[PDB]
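Enquirer: in their complex positions, the first chains:
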Amino acid sequence: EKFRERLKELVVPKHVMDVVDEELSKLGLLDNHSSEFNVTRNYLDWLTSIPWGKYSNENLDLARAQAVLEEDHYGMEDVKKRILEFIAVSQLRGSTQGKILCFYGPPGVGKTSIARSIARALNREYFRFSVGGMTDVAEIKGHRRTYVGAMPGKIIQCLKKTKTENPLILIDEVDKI
């Protein structure tokens, strides 16, 4: 009952519901002290915890966004111009949109710090992970559900902590693959 209530506010796609509905039936027919019951409980907890159809309220005002960006950092006019253009595009579309941007430059210049300022100007949620010399693909997408003590991917773990489907994702050292 509690997990059904926690899905009420979210806007769940149809393919999400059938997976959730079928696992609920499996959870019902299991036993309390079953090892796979905990696995089913752990898996079902993650599905409901992930936000579905929940987007954070964006900030779509150029005046306040530009003022916020100026106070946080000095210079970076090329980055600031792109962010101001990003907000203007969202106004014409009438709906939130996403983009893939790259900040390259000398270390310690402000590439990581400016993105944190970007999130607050856009009222988004900030999450950071690094890929410097990645070795395991399991970091991005987690482990399979059958594995004992498995966990979802870091991106999936981001939606749980951010509690929204519109976060700001930062990637570090794409030139140090």
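Expert: Ah, there it is. Numbering: from 1, shown residues only, chains lettered A, B, ... in the order given.
Enquirer: which stretches in chain A count as helices?
Expert: A:2-6, A:14-29, A:35-49, A:62-72, A:77-93, A:111-121, A:138-141, A:154-162 (DSSP state H).
Enquirer: figure out which of these is closest to residue A:175.
Expert: helix A:111-121 (11.4 Å; CB to CB). Placement of C-beta: from N, CA and C, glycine included.
Enquirer: can you give the contact residues for the closest one?
Expert: Contacts of helix A:111-121 with the rest of the structure, by CB atoms under 8 Å, 6 or more residues apart in numbering, involve A:59, A:65, A:68-69, A:72-73, A:76, A:79, A:83, A:103-105, A:124-126, A:128, A:168, A:170, A:172.
Enquirer: most tightly packed of the helices of chain A?
Expert: Counting by mean count of other CB atoms under 10 Å, helix A:111-121 has the highest mean neighbour count of the helices of chain A, with a mean of 18.
Enquirer: quick one, that helix and helix A:77-93 angle?
Expert: Computed by axes from the mean of the first three to the mean of the last three CA atoms, to 10 degrees, the angle separating helix A:111-121 from helix A:77-93 equals 30 degrees.
Enquirer: can I get the helices of chain A in TSV including distance to residue A:177?
Expert: Compiled in TSV, the helices of chain A are given as follows (distance: least, CB to CB, whole Å):
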stretch	distance to residue A:177
helix A:2-6	38
helix A:14-29	33
helix A:35-49	29
helix A:62-72	29
helix A:77-93	23
helix A:111-121	17
helix A:138-141	13
helix A:154-162	16
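Enquirer: nearest to residue A:148, out of those?
Expert: Of all the helices of chain A, helix A:35-49 sits nearest to residue A:148, with 8.0 Å by CB to CB.
Enquirer: and the closest one, what does it pack onto?
Expert: Helices and strands touching helix A:35-49, by 3 or more CB pairs under 8 Å, 6 or more residues apart in numbering; DSSP states H and E, are helix A:2-6, helix A:14-29, helix A:154-162.
Enquirer: and it, how far from the chain's centre?
Expert: Relative to the centre of its chain, helix A:35-49 is centred 20 Å away, using CA atoms, centre = their mean, to the nearest Å.
Enquirer: go through the helices and strands packed on helix A:35-49 and name the closest to residue A:54.
Expert: By CB to CB (comparing all of the helices and strands packed on helix A:35-49), the closest turns out to be helix A:154-162, at 9.2 Å.
Enquirer: let's put chain B on the structure above:
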Amino acid sequence: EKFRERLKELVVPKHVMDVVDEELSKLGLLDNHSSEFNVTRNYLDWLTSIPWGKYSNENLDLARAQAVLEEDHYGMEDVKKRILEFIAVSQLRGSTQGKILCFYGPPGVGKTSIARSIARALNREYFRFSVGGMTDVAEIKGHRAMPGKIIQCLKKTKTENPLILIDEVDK
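Expert: Placed with the earlier chains, chain B looks like this:
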């Protein structure tokens, strides 16, 4: 009542008290001799074993905070001076955990033994938590009935502000 007499000796949060209160209610109806009739006592005993509101005075002074270091270890003048810098900023900030401290150097130089000296410097409770291999559900995640090592750390130190040293994080 023996569990309750220990419970009333220390401050108990209201949120945890309701969970503790219901555990006694179930345990009274149980026969205390079964797989589930014994885990409730284990669950309850681990609850009352955890300290709440009990702590040791921190940051006693700065003059004799140094005095612990010199008689515990020789040399490491730069390392010792850095710790006093961390202790000084901690007192001004009024917060125990400001940032994570790590020590890197050649093996067998004395990094592990420093932490024991640090705990005596500002009157903490030392606890070493070293890891050799990386496994998910082995050391923190616990089970379910094996409580996590962090929970066991507070019980054996009987304080709300212990000192936990993580050793060999790279390995």
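Enquirer: can you list the neighbours in contact with stretch A:33-42?
Expert: In this structure, residues lying in contact with stretch A:33-42 by CB atoms under 8 Å, 6 or more residues apart in numbering or on different chains are A:23, A:26-27, A:30-31, A:145, B:35-36, B:144.
Enquirer: same check, this time on stretch A:6-17
Expert: A:20, A:47-49, A:51-54.
Enquirer: residues of chain A that sit close to chain B?
Expert: A:33, A:38, A:148-149, A:151 (CB under 8 Å from any CB of the partner chain).
Enquirer: tell me, how many neighbours does the residue in chain A that chain B sits nearest to end up with?
Expert: In chain A, the residue found nearest to chain B is residue A:149; the distance is 3.8 Å by CB to the nearest CB. Using other CB atoms under 10 Å in any protein chain shown, the number of residues around residue A:149 comes to 13.
Enquirer: could you pull up the residues touching it?
Expert: Residue A:149 makes contact with B:136-137, B:141 under the criterion CB under 8 Å, 6+ apart.
Enquirer: now, which of these sits nearest chain A?
Expert: residue B:137 (3.8 Å).
Enquirer: where does the closest one fall, phi/psi-wise?
Expert: The phi/psi pair for residue B:137 (degrees, to the nearest 10) reads phi -100, psi 20.
Enquirer: same check, this time on the one 5 residues further on
Expert: In this entry, residue B:142 is assigned phi and psi values of phi 70, psi -140 (degrees, to the nearest 10).
Enquirer: measure it to chain A for me?
Expert: Using CB to the nearest CB, to the nearest Å, we find residue B:142 at a distance of 11 Å from chain A.
Enquirer: pull up the distance across stretch A:23-39, start to finish.
Expert: Stretch A:23-39 has its terminal residues 11 Å apart, counting by CA to CA, to the nearest Å.
Enquirer: which residue packs closest to residue A:173, ignoring adjacent ones?
Expert: residue A:132 (3.8 Å; CB to CB, 6 or more residues apart in numbering or on different chains).
Enquirer: right, and residue A:160 touches residue A:46 too?
Expert: Yes - using CB atoms under 8 Å, residue A:160 is in contact with residue A:46, at 7.2 Å.
Enquirer: build in chain C:
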Amino acid sequence: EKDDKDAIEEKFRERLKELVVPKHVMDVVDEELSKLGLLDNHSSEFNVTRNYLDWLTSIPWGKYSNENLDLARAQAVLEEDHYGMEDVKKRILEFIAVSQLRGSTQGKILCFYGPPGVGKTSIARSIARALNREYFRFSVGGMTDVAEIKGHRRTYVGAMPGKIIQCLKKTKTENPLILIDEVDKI
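Expert: So, slotting chain C in with the rest:
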């Protein structure tokens, strides 16, 4: 036949008298004997806890072998079994001397490495004779199961302790000489 619980409880207490049972171990034995009486004779849980009682009592608690703390006698045993190996023999003799001055038995971690066929596995049995310690051998070569050392949880059907625990029951003393063979091939 008489009452099964009374005979089972009394016979298990007989084994505990000779041992030096730790307080926490004694409490665990006492609490499980309390639930043994209330359980039925043919109940499955009765048989599960009965084996748990047997394993706990079988462990030698506070029992140590009468080690041979005689440097002259220890040398005689070592030289007759093997030739040479002065570095190993001298280390063993120095281990005996330290135990004398400390006044109590002690345990050490030793590793012998070298080319095959130089006497590493065969000197281990000779050392046990010199030290008058019971000898147990267990090789870890090609070992992929952790339950061999740590056993299985009592809830599992057919679950058994690790052979280190089975080492103590067979050795019957808390001071064996366990030879962990082929550690480099784990």
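Enquirer: repeat for the contacts of stretch A:33-42, accounting for chain C.
Expert: A:23, A:26-27, A:30-31, A:145, B:35-36, B:144.
Enquirer: show me what contacts residue A:158?
Expert: Contacts of residue A:158 (CB under 8 Å, 6+ apart): A:127, A:129, A:167, A:169.
Enquirer: contact partners for the third one?
Expert: By that I understand residue A:167. So residue A:167 contacts A:56, A:124-127, A:158-159 (CB under 8 Å, 6+ apart).
Enquirer: run through the residues that contact the nearest residue to it once chain neighbours are set aside.
Expert: Spatial nearest neighbour of residue A:167, chain neighbours left out: residue A:125 (4.4 Å); criterion: CB to CB, 6+ apart. Residues in contact with residue A:125, defined by CB under 8 Å, 6+ apart, are A:56, A:119, A:162-164, A:166-168.
Enquirer: rerun that using 7 Å as the cut-off
Expert: A:56, A:119, A:162, A:164, A:167-168 (CB atoms under 7 Å, 6 or more residues apart in numbering or on different chains).
Enquirer: quick revisit: now for the contacts of residue A:158, which pair is the farthest apart?
Expert: A:129 and A:167, at 11.6 Å, using CB to CB across those.
Enquirer: okay, buried residues for stretch A:140-148 please.
Expert: residue A:142 (16 or more other CB atoms under 10 Å in any protein chain shown).
Enquirer: what comes into contact with stretch A:86-106?
Expert: By CB under 7 Å, 6+ apart, the residues outside stretch A:86-106 that reach it are A:55, A:58, A:60, A:62, A:65, A:79, A:82, A:111, A:166.
Enquirer: can I get those residues in TSV with distance to chain C?
Expert: As requested, those are exported to TSV (distance: CB to the nearest CB, whole Å):
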residue	distance to chain C
A:55	46
A:58	51
A:60	57
A:62	61
A:65	56
A:79	52
A:82	54
A:111	45
A:166	45
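Enquirer: tell me the two of those residues that are most distant?
Expert: Among the contacts of stretch A:86-106, A:55 and A:111 lie farthest apart (CB to CB), at 26.3 Å.
Enquirer: for chain C, what's its nearest residue on chain A.
Expert: For chain A, CB to the nearest CB, closest residue to chain C: residue A:33, 9.2 Å.
Enquirer: what is the neighbour count of that residue?
Expert: 11.
Enquirer: mind listing the residues bridging to residue A:128?
Expert: Residue A:128 forms beta bridges with residue A:170, as assigned by DSSP bridges.
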